[PDB]
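Quick heads-up: it's one chain on its own, the form deposited in one PDB entry, in structure tokens.
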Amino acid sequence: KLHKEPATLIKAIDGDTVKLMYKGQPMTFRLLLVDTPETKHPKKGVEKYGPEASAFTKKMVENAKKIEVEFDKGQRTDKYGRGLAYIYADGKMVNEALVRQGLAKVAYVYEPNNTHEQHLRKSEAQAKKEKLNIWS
């Protein structure tokens, strides 16, 4: 079973990345299962909706009373050393919130790090149905 652990916000970096203090160590976390338009894309730089997704994540984590990270059942860090997790702001999953607002698409999922995949695909279907942002 997955479990939530407390973390402290250091700084929001992009729509899909946030720097947190986890167990006394500064770490960069990459939001699991979502692809957000970027402002720091290696090849493109700032993409359409990138500023929006970036501001949404920033607002959500900065205004939260409690931030929690939830690792999946597979590897906990990617090749760049970023923690791979589901981030919660006052009980609300940031990963899902972005998808629900049409500010992120469900990424190519890598089992076993796919626990909340169906949940996110459902939110994406709704955002698309409502033609929100990315889907407008």
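Residue numbers run from 1 along the displayed sequence.
Of the two segments, 24-32 and 42-50, the one listed with the higher mean B-factor is 42-50 (C-alpha atoms only). Between the stretches 89-97 and 56-64, it is 56-64 that shows the larger average CA temperature factor. Ranked against the other modelled residues of its chain, the C-alpha B-factor of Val69 as given in the entry falls in the lowest third. Ranked by C-alpha B-factor against the other modelled residues of its chain, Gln118 falls in the highest third. Annotation for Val106: CA B-factor lies in the middle third of the chain's modelled residues.
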